[PDB]
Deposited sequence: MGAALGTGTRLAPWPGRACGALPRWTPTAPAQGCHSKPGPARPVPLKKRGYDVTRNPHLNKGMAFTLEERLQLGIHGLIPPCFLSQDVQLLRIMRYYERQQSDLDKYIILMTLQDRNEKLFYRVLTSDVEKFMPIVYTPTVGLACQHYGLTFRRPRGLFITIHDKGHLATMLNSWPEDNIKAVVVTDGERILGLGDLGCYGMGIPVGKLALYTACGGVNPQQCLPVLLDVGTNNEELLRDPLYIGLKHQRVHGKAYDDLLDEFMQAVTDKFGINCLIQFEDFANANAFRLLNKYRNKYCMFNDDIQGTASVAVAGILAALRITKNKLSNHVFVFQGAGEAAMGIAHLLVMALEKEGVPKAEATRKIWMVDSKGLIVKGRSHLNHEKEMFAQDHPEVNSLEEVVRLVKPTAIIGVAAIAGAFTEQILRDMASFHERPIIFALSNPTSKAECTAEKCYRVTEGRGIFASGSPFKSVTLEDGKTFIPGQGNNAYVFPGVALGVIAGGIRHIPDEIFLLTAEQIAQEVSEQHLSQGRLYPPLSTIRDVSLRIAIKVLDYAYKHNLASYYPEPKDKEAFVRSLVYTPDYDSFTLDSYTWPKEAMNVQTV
């Protein structure tokens, strides 16, 4: 296998191929005559990356790195993941999606069209990898903040899958980004000459649903019923409907619904680690009961149940207010330490400023947001580093645990225990600064722990299909955690005793 190795991003090491490797692979001459470690390659990529004057340019550099040398791509990511997550995934990935006609380099992923109904198995055969354990599929209809972007949203399952690997350690060769193109209702794309999608309105109803049914059937026929299928930015009602439809038939989840709710409940439990009270000692007023607070309320009721409180009064503790009409305030549209959750994305759609809370409540108010908020310079001297609830706290570790143990379905208990682990992740010195989530530089480790917990759950509820149940699940998950470290392409040469390998010259 010669020149084709330098064209495979999973194999190509660039100038990190040693001379022995280049000679054994038949690629000597195709690479410049220098031999680099991955550290030097990282430094060179970083120099080229810091010369860009845009997040779009940085994104293009990272995507070219991904399609050249993906071990180096994930070395770039897993080195300062907090820096590259905004560029590879939201927010920058949404803007790149907005500008994919202009900035269309090599295409990545699988584009499955409504007009391919009946032939999705062949389209799956078109993907080069055959051992696919995770599929992130998007509709393109509700790209975060940007609305309908159909067939430009392909950067979302790609970017998100990068976070599967960067934050979780999921093997990138076992990941399949899919965009289901059923048309778009975005009028600017129907007229855009650079638009790469179907230029008609979105198909919906008994053709959309049958396309999705055939997609799930084809994916689990080719890759097995254990294939994790995550649904990306679908429309809200459509997303919830598909979640309820496929949740128990397949190994699917929706990170926008279940991951967001899990992060919110994680923040609430981390705040309880400060209020020193039980979840039963809390009454919750929600502010955005528009399918977003529904997941938070359900998972919070489930946590109240698990700590002992039966369903009815656990539901009595929730006061969901939206446009018609205490201890914890959560918005997605009296007490010593009130819990205020902004949880709204664009930093302008929000409930507070992380300084409004901390300067109005006299600083004795535990704030959390889904929007980036700089530290506080409160007059008394309290600093109050405010924590941000990233969805990357949930889906990488959950996906790693589900892929590791072949978990067949992802019930809500998985997400509750994920929230519990994320709550336990926060250090008391971080809680001293009002920080409700672990730092992103720890996400790998955090993911690992979550995976183990998820594994520990799935075996004790007969959900894990991997056999036999590993006695030590930490080392089993660690054996599946993908690392950006290069493999050795040198050939394992050994010999036999010099009487078995004797060439007979009879």
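Asker: Which parts of the deposited sequence lack C-alpha coordinates in this model? Number from residue 1, please.
Answerer: Unmodelled stretches, in sequence order: 1 to 48, 374 to 407, 416 to 431.
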